[PDB]
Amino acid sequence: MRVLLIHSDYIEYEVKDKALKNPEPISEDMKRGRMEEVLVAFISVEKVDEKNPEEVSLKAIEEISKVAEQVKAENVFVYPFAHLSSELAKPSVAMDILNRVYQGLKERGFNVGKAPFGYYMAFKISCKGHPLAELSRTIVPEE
């Protein structure tokens, strides 16, 4: 898994078209979304993650949570970003892992948001630019 964490003033997205044959079912009002003062977690689930979805998810939840705590981010946004890597995990498994990460962060007490899975999506973000506002994390199963 490849994770790019961006502490932002906001994140705004706009669904433009389906990127998969069978994307995540959503309704019309979810075709646009936004979250303020948020740590955006751009995530690409990698093929190697299929080996152990649960372990990767738990570790992702831990790493993302640690950064949020550091920057005082109360809001976290899980953003499907497949092209952060080249070896992509299957969409069914990717979706599964992203759901687990979302569920895990919510359990940790954060106000978590997410963008629909399986779409071509436009987005606007404003990075605060502080010392820990831009961080990347590579998370893989215990090999």
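One-based numbering along the sequence shown.
- Taking the mean C-alpha B-factor of each stretch as recorded, 38-46 and 52-60 are not equal, and the higher mean is that of 52-60.
- According to the PDB record, 86-94 carries the higher mean C-alpha B-factor of the two stretches 86-94 and 111-119.
- Ranked against the other modelled residues of its chain, the C-alpha B-factor of residue 135 as given in the entry falls in the middle third.
- Among the modelled residues of its chain, residue 75 has a C-alpha B-factor that falls in the lowest third, as given in the PDB entry.
- Among the modelled residues of its chain, residue 14 has a C-alpha B-factor that falls in the lowest third according to the deposited record.
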